[PDB]
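Here you'll find one protein chain in two forms, each presented separately as structure tokens under the names structure 1 and structure 2.
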Structure 1
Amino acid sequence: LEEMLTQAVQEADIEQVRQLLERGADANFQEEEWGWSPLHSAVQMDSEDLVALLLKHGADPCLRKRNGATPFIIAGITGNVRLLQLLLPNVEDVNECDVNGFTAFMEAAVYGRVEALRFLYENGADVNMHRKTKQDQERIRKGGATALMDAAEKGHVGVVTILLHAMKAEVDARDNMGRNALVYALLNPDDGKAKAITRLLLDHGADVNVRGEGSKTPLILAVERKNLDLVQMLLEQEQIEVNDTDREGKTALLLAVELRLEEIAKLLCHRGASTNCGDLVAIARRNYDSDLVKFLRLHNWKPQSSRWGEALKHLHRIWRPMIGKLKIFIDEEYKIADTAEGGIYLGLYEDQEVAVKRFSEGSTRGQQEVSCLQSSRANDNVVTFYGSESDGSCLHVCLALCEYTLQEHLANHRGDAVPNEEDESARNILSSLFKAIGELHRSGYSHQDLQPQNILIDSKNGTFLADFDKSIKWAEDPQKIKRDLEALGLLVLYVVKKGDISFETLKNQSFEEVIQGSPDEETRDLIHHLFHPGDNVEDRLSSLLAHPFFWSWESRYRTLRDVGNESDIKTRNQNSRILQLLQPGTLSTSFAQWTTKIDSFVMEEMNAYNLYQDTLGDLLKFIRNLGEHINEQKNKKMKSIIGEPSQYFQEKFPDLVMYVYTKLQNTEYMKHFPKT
């Protein structure tokens, strides 16, 4: 409670602070979050009195906080040299560094404290000392710069010359990345301070051929500064290398042209710049700078998409300005489709092909697009989100480049299956959707506008959800999930009908006529579960992935055969557990009277010794028996009337799979279901 009262040292009311200690108070109590002590806080205030009042009570001036800084190293920042006088007699070393390396002397340089700089110099400060930081920091080649380098980057022109002339500072010292003070100097935005520090460093021997960020020579940071004075000052040096290139291969002259700098280019050419680092005239001409055009003539990428391959080769070929990491041109040739706002165009994000949805910089829907995308990057069935880039007035959200709408995809593949072949494709597309929407739901978003033009297919026939511009965080309103699940219902019928019924016809039908439009009992059941998912929605989608709809025909036949191989079915044991589940209590199904709807020959041949009864038990027994012997050669005749046996039984008995499914779902006999 009484060490809460160090609040009093920042109210600057000295008269409480005396009482604090007498009442019982620790003057070295360090607040545990960042390490702040009273003396620490006192010296950042420049309060001559509080320094005196609590060194009177033993606050250590070599006490380190989280960052490693002592009140002495901080006193170099406030720059009042009387507080340096008050705690110097009690410091072990005037050249003590914090964990990033900053000394009292170096902090005087950063903050331009010119008379605090003076006291520490002839008091033993190491003028040329490079900074010692942490080991994680030194294998990234960080640290090592000097007070000179510090004064140069903070424009403290006064500090630089005092350091260079009164105190023998190494002008061409480098830090752990080879940066000299010259480099630090050329990143101050103020042009006057830059120019003066540069001459003050050049006249004394600073290496004018040094490298900094992005392998840029000083001369290159000068042209990219658009500051002709710096250029002429650096080219007054014999040993300047005018055709040095940066990381991306550009020379000082090339960029000078690119940025439409007439005089700056005119001067690099007039001083022996290499004119063949590129097509120089063509850049000036595209810049509508015909005065340079006149002066300068006097001296493999592979796209991945097939559909868009040829256009993305054209967009790679042409020149375009970059919007951050993105290369784009608004032209019909690169337009993929029309959106509410701005179309979606092809683009190049970090040299990768992408689709680009465009919003107004402040568009609420663009907000919601990026919010949802940013929460979905783990959702493997959501379009890959590369990132967004702003023009300052158009938000470019960049997405993976898919090949086809779901609707286009179905149209191109409508002829793929023979009219009654297993539709493996529908199962996969809808299953990805079921995953995509379920994971989207778990991440807290609901799509709100599911429809085939929002589902895209890639070069690998993966299906992906998209267009989150209308999504909503659903925690606020939890019943709103159920729209996605209804749309998913229509999407099941939409995809199973191979696209032959337009989505807009389905969105106008009632729930019942959509169920009625289903081609089989599996699909009818799945749609029904989507239209009535329960107020307890939770993760209903993940469970429906076990619906027989998703069982291959082989798996449904394997499961009928396995249920029919249970001991109590073959022995027709009516009071067994298995047959009490399947046929209890007395019938209006397709397999009532089933023995009277099998070909008369296969039937009686199959009575290879009473006979087969009209129980469902024996029909499973039947399917089991015929499954085991279909390919034996005494039955080659019978193999040909049945055709594929799975297809045979499902078509003569459309409700069979569903019926055995329903009766065994939460029983020990679920073990016979296929694996999911």
Structure 2
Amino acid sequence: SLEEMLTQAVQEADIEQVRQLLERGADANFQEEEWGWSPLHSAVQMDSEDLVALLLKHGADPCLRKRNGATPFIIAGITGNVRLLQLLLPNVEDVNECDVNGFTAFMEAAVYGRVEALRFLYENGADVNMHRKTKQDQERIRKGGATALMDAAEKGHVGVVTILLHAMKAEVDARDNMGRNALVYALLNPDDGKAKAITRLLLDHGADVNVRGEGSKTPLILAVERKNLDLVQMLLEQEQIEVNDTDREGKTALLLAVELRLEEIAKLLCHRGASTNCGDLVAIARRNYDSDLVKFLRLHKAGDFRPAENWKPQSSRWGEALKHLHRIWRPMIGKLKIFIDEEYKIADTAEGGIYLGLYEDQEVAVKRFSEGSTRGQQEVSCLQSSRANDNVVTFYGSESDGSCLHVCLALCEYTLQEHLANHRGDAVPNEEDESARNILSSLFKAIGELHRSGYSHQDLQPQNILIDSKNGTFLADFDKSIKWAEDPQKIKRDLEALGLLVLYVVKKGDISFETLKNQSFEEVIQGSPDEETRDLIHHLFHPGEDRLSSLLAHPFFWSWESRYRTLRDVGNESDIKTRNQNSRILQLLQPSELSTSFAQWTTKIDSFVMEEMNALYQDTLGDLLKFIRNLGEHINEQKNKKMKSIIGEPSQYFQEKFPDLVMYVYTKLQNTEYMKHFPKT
């Protein structure tokens, strides 16, 4: 509280209240633990000399480093009051002391365009062509090495540039670790006049003009991109200027000037040796509606330049249209290449449609929103949280053209509805449906993960589910999604739609989803072809917020083989074989319940099989399981060949003859020790 009242006192500039507390014994070398600021640092930054004098009297160290290694002296450079620098100098060890990023009081004077402070530190030993020496991590990626000249040029301080080159002997062609010099820094400044004046000075002193800036750009290309005839004339006054220099992507200064629709700057560039076979400049002027520059371009023809098409799309369905999109010219919206044409449309939506696009040269689906849209905001928000969810469509990023939020997504081959259509004629009519389990377990996982992330979908339907080239399934179209904390029992709608999607997929897409939405709970249950489906759906309409991942353990997701295996394994328990009425197993399998389909099972199994196996089977469940166990073990032996052919495939046999069997056993053993007989799930 003491030094804290001092800290406060200084911030207020109560000179007296400071005096009292210094005499009370308060530490002027106190530093707050976050950013390392001292009362001496603070007094300098706010520029009240009285406080700096008062604190220096009380032993406040002027070489005291804050978090960034800056000392109150360094800070005075930024402040630019000369009598502060006077007051701190007779305690300063080195005038060239740097913070951890290599900054000196002189650099700081240059950065803040403080002429008078620069003069003071000039006459006092301050090195003028000191490069910033930074920490090892910054150097290894070639950061640092900049100078007061480069600093002054970037900030556009005409005064400071004049004074350094002339009065102060600044090296004009000094390089930072990136290989940049003050000219590059000069050319980046937003103001026209300031940029003009600084470039002039620097050129006349012998700044190299053949230098690489950000994006491998020359000074010339920077002058072009800025649309400044003035900055381009100065740079084209020198002969050694490489006019046919290429930036990162192979764009030339001329190419750029045609592309930007800048007549004068293009012509001046031609009259100076900008070679014309760097791209079809004529066509570029033509799409620009630049009549005048066209003619001039055809008045220097060197024949008729030509352009090789390499890029192959990954998509099969969208391939040819993506080739076309890659071929034609479009302007970019950040990292996105897009064209609002029917040829490129994927689908129609509640706002804006979905089109093919290219994002960093990768194929994408692009969902469009009005940039103000609640709906677009909900989508982007949910997608940004879903990056770890493996069964959610991959999110590339979102780009704004100012009136339209573009959401870019991985491109998929088909919607679930399409996919089921294309694969409808693959399976023999009674085959086991492995495909349905895969699709639906991927959905359970996707929705389960979406819930754990705090989001609910609200519009699960088959058009929002996509299938990729490799048969994987993904969830999509988040516009109507909500953070479920807002209303926790709205999760229910996801769970109910998932129940409808169970039926949908098990029915191989033959029943439309519309139909299934107009049906009531009991109609849906009745529409189900088996008991596992019925029970699964039931559990979705009547849930217990991690129920979904537990439902992946449900016998619906057991293969026919696994189901058969579980019945055989249960039927091999000692107490089923010895018919121990005492035992815990037969206790559990013994209930109350309604009429089963295996009650008096012995009368509905072929009479030939019945005899051969009795070679004492009662109408208990226990004796059915045992029957399954023995038949499983012996079905393949020579002496059962006639039995084998009556049965056919045994898994199919038992499940068909007794549809409720697997479910009944699963229900009875679910939370018990003999749950260990279930497949590894």
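What we label the rigid core is the largest C-alpha set whose atoms superpose within 1.5 Å from one form to the other. Residue 1 is the first residue of structure 1, and the numbers go on in sequence order from there.
- With the rigid core aligned between structure 1 and structure 2, only one of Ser600, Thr364, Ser393, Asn276 has a CA shift of 2 Å or more: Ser600.
- Once both forms are fitted on their core, a CA shift of 2 Å or more is seen for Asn635 between structure 1 and structure 2.
- Once the cores line up, the CA of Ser576 ends up 2 angstroms or more apart between structure 1 and structure 2.
- Taking the core as reference, the Cα of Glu122 moves 1.4 angstrom between structure 1 and structure 2.
- Here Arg23 exhibits a Cα shift of 2.1 Å between structure 1 and structure 2, evaluated on the superposed rigid core.
- Superposed on the rigid core, the forms differ at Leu221: its CA is offset by 0.2 Å between structure 1 and structure 2.
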